[PDB]
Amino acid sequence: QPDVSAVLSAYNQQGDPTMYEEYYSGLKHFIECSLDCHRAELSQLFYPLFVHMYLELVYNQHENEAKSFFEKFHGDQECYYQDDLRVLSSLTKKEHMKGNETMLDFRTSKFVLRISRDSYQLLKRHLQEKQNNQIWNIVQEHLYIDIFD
């Protein structure tokens, strides 16, 4: 397991923080409008992407944006993540993350994700529609994700 500082290194490369809600809303609509088979697989992305993006906003001192992002998307996460989310919501400032062992519980790389190539194809295409979609960067650099036939 990585140390705290290694975990926090994951939240360095921020995107345009004013667009995070747009990116996540875009993904949500894309996933919800997919065929059942693709939607079932891709729905796995929701929680880890939400946690990473929120912490990215907080870590880069976009406190307003983080609060707003959390308020908009925490509600539709799986019911069994809502206890983890209450704890996540107490982390509102960069100060709260630094030197904090609880960050181990939210490390993006602990969420194992497996999807079909078909689903990946389609996801990749959606995420390349908008220029420098930050979710595409998180998928490339931080998600523990494998694709299969």
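A residue's number is simply how far along the shown sequence it sits, counting from 1.
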Mean Cα B-factor check, 93-101 vs 44-52, entry values; winner is 93-101
Taking the deposited Cα B-factors and averaging over 80-88 and over 27-35, the higher mean is found in 80-88
Of the three thirds of Cα B-factor ranks in this chain, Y59 occupies the middle
Here the Cα B-factor of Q13, set against its chain, lands in the third termed highest
So, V112's CA B-factor, relative to its chain, sits in which third? The highest
So, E141's CA B-factor, relative to its chain, sits in which third? The middle
Quick tally, chain-level thirds of C-alpha B-factors: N133 sits in the middle
